[PDB]
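Analysis of the macromolecular model
Here is what each chain is made of, one letter per residue.
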Amino acid sequence: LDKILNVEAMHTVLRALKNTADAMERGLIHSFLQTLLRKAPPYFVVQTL
Amino acid sequence: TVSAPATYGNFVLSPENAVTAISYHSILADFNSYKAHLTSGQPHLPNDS
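Presented here is a report on the structure given in the accompanying data block. (Residues numbered from 1 in each chain as written, not as in the entry; some residues may be left out. Chains lettered and ligands numbered in written order. Part of a larger assembly, values for the part shown. Heavy atoms only, no water.)

1. Some remarks on the overall build of chain A
What chain A contains, in helices and strands, is two helices and zero strands. Going through the 49 residues of chain A one by one, you find that 0% of them count as buried. Of the roughly 4,800 Å² of accessible surface on chain A, a fraction of 68% belongs to carbon and sulfur atoms. If you average the places of the 6 positive and of the 4 negative side-chain charges in chain A, the two averages end up 10 Å apart. (Helix = DSSP H or I, 4+ residues; strand = E, 2+ residues; numbered from the N terminus. Buried < 20%, exposed > 50% of the residue type's maximum accessible area, 1.4 Å probe, protein only. Areas by Shrake-Rupley, 256 points an atom, 1.4 Å probe, with all protein chains shown as cover. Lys, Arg positive; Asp, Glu negative; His and termini not counted. Charge placed at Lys NZ, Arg CZ, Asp CG, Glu CD.)

Dropping the structure here:
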């Protein structure tokens, strides 16, 4: 049972690290999409120009 | 002059015991002896845990 608890602790640390890495990738995508959508004018503006 | 046990006898949990302790909060001592005597059709264990 002690071995089970040690391996469970190492696995929960692994899960946390992997979830955080994926969250950082998603956050990068989110931020880039956000700025890209910020600087984009709408269709009527660009077709008029 | 009397012959006495030199040291304590050690009780250990088996992997089956670990499974039943994690899932059911219960341990049946010497699980495998029971299971073998149960599937072989033998009504009596030879010894106690």
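Having seen the model, we can carry on.
2. Here's the deal with the pattern of salt bridges
Side-chain pairs of opposite charge can arise where the charged atoms are in close proximity. Residue and element names in this part refer to chain A. In total, this model carries two salt bridges over all chains according to the counting rule given. Between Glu 8 and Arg 15 there is a salt bridge, with its nearest N and O atoms 3.5 Å apart. A salt bridge links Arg 26 to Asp 22; its shortest N-O distance comes to 2.8 Å. Placement of both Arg 26 and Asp 22 in helix α1 (residues 2–38) is noted, with a separation of four residues, approximately one turn of the helix. (Salt bridge = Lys/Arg side-chain N within 4 Å of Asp/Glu carboxyl O.)

3. Concerning the environment of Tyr34(B)
Residues and elements named next belong to chain B. Here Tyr 34 is to be found in helix α2 (residues 31–39). A sequence separation of 22 residues divides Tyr 34 from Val 12, and the C-alpha atoms of the two residues are 16 Å apart. With residues near it in sequence (within four places) discarded, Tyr 34 still touches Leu 28, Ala 29 and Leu 45. (Contact = heavy atoms within 4.5 Å.)

4. What to know about the side chain of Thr20(B)
Inspection of the secondary structure assignment puts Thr20(B) in helix α1 (residues 15–24). In this structure, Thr20(B) is in contact with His25(B), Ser26(B), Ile27(B) and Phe31(B), ignoring residues within four places of it in sequence.

5. Some thoughts on a nonpolar patch on the surface
The grouping of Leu1(A), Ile4(A), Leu5(A), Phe11(B), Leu13(B), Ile22(B) and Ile27(B) at the surface amounts to a nonpolar patch, some 640 Å² of accessible area in total. Residue position: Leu13(B) is located in the segment before α1. (Patch = residues over 30% accessible without salt bridge, like charges linked within 9 Å, V, L, I, M, F, W, Y side chains within 5 Å.)

Honestly, that's just the spatial picture; any functional story needs more than this.
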